[PDB]
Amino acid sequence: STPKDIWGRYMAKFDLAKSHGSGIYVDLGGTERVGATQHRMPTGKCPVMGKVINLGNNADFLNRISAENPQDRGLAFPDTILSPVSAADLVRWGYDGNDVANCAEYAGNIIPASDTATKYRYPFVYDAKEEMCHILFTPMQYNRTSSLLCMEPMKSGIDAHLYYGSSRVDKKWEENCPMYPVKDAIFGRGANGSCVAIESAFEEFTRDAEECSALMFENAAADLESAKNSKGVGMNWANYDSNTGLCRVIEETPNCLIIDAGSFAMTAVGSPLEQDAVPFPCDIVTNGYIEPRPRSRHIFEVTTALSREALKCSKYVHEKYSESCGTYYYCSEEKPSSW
């Protein structure tokens, strides 16, 4: 069938407006009355790996907001115990999903004292390394050593094992959300029976996938500077070429992939680490253009494919190794050195 068609099942997760549906960088996509007041809160459906909040006082954001020393205060629930709780605790208490899902459901069952009927819920951060579930005392994420109240989100490689989310996290987050870089992949959209690489919103050389991930994250869907809501729209995806270090951040929704060894197709919600990648899906076969075609006022367009029959080529066919699928084919102007 068409590229859009044969990719449709695999690529649904990458449509972050649908699978997540709220801001990623800053998620304040919901509002709820608590008494007389409206308050904004996160409502995104995917957990966001590696999202930490950097604080003005330089305290780790998972410290209690009620630490004795003001220099120590984070964003975590005070001890006056709701929080943090262990993954095992949550299973003790009857929760039946994975740990990240349990943590989200647990955040969903903690109701603000000031009003016992509010639909208002706090965010969580699940630490997969310590297996501990933290409830945050505030949905604040971005605000201009200062105070704790001076803050911004960042995507952190070494905290890749942290998951920031809202109580609306999909129980099936792991299958429905793009949580992993796709190895040997470039994001594209279907055009004229091929998968064509999506043009960069902007590009920069970065030192590793994590840096590329952090660059894109800063520009991802953000529910502030009601009408301040992103609906999940933003520069949410990036192609990291591990051979060149070129990070291409994109803002169009991908709906297919092009195979290309050494390239990593990353998203603002998913792991920042190459280590966490998932192999290219060898079973889904289409012809791809590796290079974009942006608007330009000024040669040969390399195509790739997992099979010789699928590859559209008007010159020489070569073979290249990929970790994901072993050998695949590309169309080049050079004659094979086998010849």
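Residue positions are given as counts along the sequence shown, with the first one as 1.
Coordinates are absent for 10 or more residues of the deposited sequence placed between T80 and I81.
Coordinates are lacking for 10 or more deposited residues between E225 and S226. As listed in the deposited structure, the average C-alpha B-factor of 25-33 and of 287-295 is greater for 287-295. If you average the C-alpha B-factors over 271-279 and over 61-69, the higher value belongs to 61-69.
Set against one another, the Cα B-factors of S194, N219, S230, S166 in the record reach their highest point at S194. Taking only the listed residues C46, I53, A310, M41, the entry reports the highest CA temperature factor at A310. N98: CA B factor lies in the lowest third for its chain, per the PDB record.
Annotation for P84: C-alpha temperature factor in the middle third relative to the rest of the modelled chain, per the entry. For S114, the recorded CA temperature factor ranks within the highest third of the chain's modelled residues. Per the deposited record, the Cα B-factor of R248 falls in the lowest third when ranked against the other modelled residues of its chain. Ranked within its chain, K13 lands in the lowest third, by CA B factor from the PDB record.
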